[PDB]
Every structure is written in structure tokens, then in C-alpha cells.
């Protein structure tokens, strides 16, 4: 039992806000989602640990799920901060895992493995094309959508038809990952070594070297690339909407909707905004407090999404290059919203 409490404490420490979002769910769903989070979290620590050998990761990850049974396993010497602990004391995790609906355990193990291997793939090669981009996001966040959607069905709160086609569930994942990948460009490019996520295929058209955007001598082509990333992210909106509109349970909806609304808001703030290149553009807490408050039912979350996407549209002028394209994707989004209002 003190295992469950450990998982929730490490979570509160590892992901501040998500530790609030997860509280929307009922303990049963809550327990699985928390386990699921930590499992993927540990897995993410290994992949990101720059201080250790690659061949080591390739020989580990592929069987990281296997450990979900060995209540004595753990990794002391990996990652930093809380993560390191999560691994060294990874026993409580599996100890909690052990006592979850059989079905839940299968989604976790399943998704974990799939993501692990997926991570390996991109651990060798690099992301240069948009196809690389989307596929990486699939392994990194899309699969979380698959897993969470499979958990929703399993639990019984949502209709099994929801898990039939996971295309939109994938879109939910990607939309969150891309919005975050865009917002954290600077924070990540400053890392040691520098972490880059923007696809070569997109920025190549705006510069010869990514690190160039740090110097505003290149703002022009910096923002212009930013707008192109924001545009590539908007593609998903229409699908996030459908997915949300298909949800029926009040718990699963709020849990699924809040993060999406948070991303749209963030996206409408980093769009056509050079501050992204020298700092972390963030939403105000009032704004997130309001988002967390009204994102409990379809109609209300639709008006918020609309409001944010419209504000993003206001960010530009006819002058701006990306205009015709953004206007397009935006109207494709509002249309999607209107058909559910």
C-alpha cells in the first residue's frame, strides 16, 4: 500500500500539473494511469540520459516491460533528480502494478514495449523529414493516447467502439507533443548536449543551421519557421475535436480535454512570437485555472478551443507568409468545432 503512495508522491514531484489533471479520474482509473505514467517516465529517463552508452539503452529498453514483473528490479545510477530515484526505488512501482486489473496491466506492458522499441529506432537515426517527425511523436506521445484510450474502454466507462480506430487518439498525442516541442525549442537547444526536435525537412527552408535562431539577427527566418511548426501542429486540431466529442464519461473527458485546451492556448501564444526563441512562453495561471475549471463538458471546451484558435488567427496579417495556410487550417478547425456545437 505504501507503494501506491510512493507512486503518487514521485508523480507529484516529476510532473507538477499533470498530478492535478490525474485527480479528475476515479481511483481505479487513477491507479492505472499513475502506474502507466511512471512506467513510461522511467523509460523516458533512460532514453534521455546522455551520460550513458547507447548500445546499453538498445539492450535494455526492448525488455524494460519484462521488469514489470520482477518486484526486486531497479536501476541505481541513471538519470538525475527524482527520475534517478524512480529507477533506484522502481520496486514500489511494479509492486503497485502487480495489483491492477489484469486488463490494465496488458495495456501498460503492451504500450511500454511498443514505445521502448520505437525509442530505440530513433536512438540510432535522426529526425530529418516530417515523416520522421510524426513517427517519433507517435512513439513518444501518440502511443500514450492509444494506451489511455485502451484503458478507457477496459475500465468500462467508455464504449468499446472508442478503441476500434485509434487514429484520432494518436492525433491527441501528437498535438500535445508538437505544441510542447515548439514551446521548448530554446530550453532544449541550450541543453548539453543540445536537444533538437524540429524536423530538418521544415527548418532547412528557413536556415542552414538550427542553432542560428538564438541570435535575433535571424528573427525573420526564425519566426517564419516557428509559424511553419505551428501550422504543422494545427493539422491535428480537427481530430482532437472529434475524439473529445466522442467521449461520454465526465471523468475521462475532463482528464482528456484539459491538456488539449492547455496546448491550444499555448499554441495561440507561441505563434508568430519571437519570445519563443529566447524564453519560455507560458500561459498565465489565471488562464490555466479557468481552463481547468470550464473544461468539464464538450460545449464549453469547444468554445474555449474556438476562442484560442481565433486568437491565434489574429496573430497574423496578410503580409505574413504563412497567412493563406494558417487561415486554411484554422477554418478547418473551427468547422470541426461547429459540427459538434
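Numbering follows the first chain given and starts at 1.
*Asks:* Which is higher on average in the deposited entry, the C-alpha temperature factors of 303 to 311 or of 65 to 73?
*Replies:* Averaging CA B-factors over each stretch, the winner is 65 to 73.
*Asks:* Taking only the CA atoms, which stretch has the higher mean B-factor in the record, 164 to 172 or 117 to 125?
*Replies:* Looking at the recorded C-alpha B-factors, 117 to 125 comes out higher on average.
*Asks:* Determine which member of 142, 194, 259, 250 has the highest CA B-factor, using the values in the deposited entry.
*Replies:* Of the options given, 194 has the highest CA B-factor in the PDB entry.
*Asks:* Among the candidates 132, 184, 224, 215, give the one with the maximum CA B-factor reported in the record.
*Replies:* Most elevated C-alpha B-factor of the set, per the entry: 215.
*Asks:* Comparing residue 91 with the other modelled residues of its chain, is its CA B-factor in the lowest, middle or highest third?
*Replies:* Within its chain, residue 91 is a highest-third residue by C-alpha B-factor, going by the deposited values.
*Asks:* Could you tell me which third, lowest, middle or highest, the C-alpha B-factor of residue 42 occupies within its chain?
*Replies:* Its C-alpha B-factor, which the entry lists for residue 42, ranks in the middle third among residues of this chain.
*Asks:* Is the Cα B-factor recorded for residue 238 in the lowest, middle or highest third of its chain?
*Replies:* It falls in the bottom third of the chain.
*Asks:* Using only modelled residues of the chain, where does the Cα B factor of residue 103 rank: lowest third, middle third or highest third?
*Replies:* For residue 103, whose C-alpha B-factor we compare with every modelled residue in the chain, the answer is the highest third.
*Asks:* In terms of the CA temperature factor given in the entry, to which third of its chain does residue 290 belong: lowest, middle or highest?
*Replies:* Bottom third by C-alpha B-factor.
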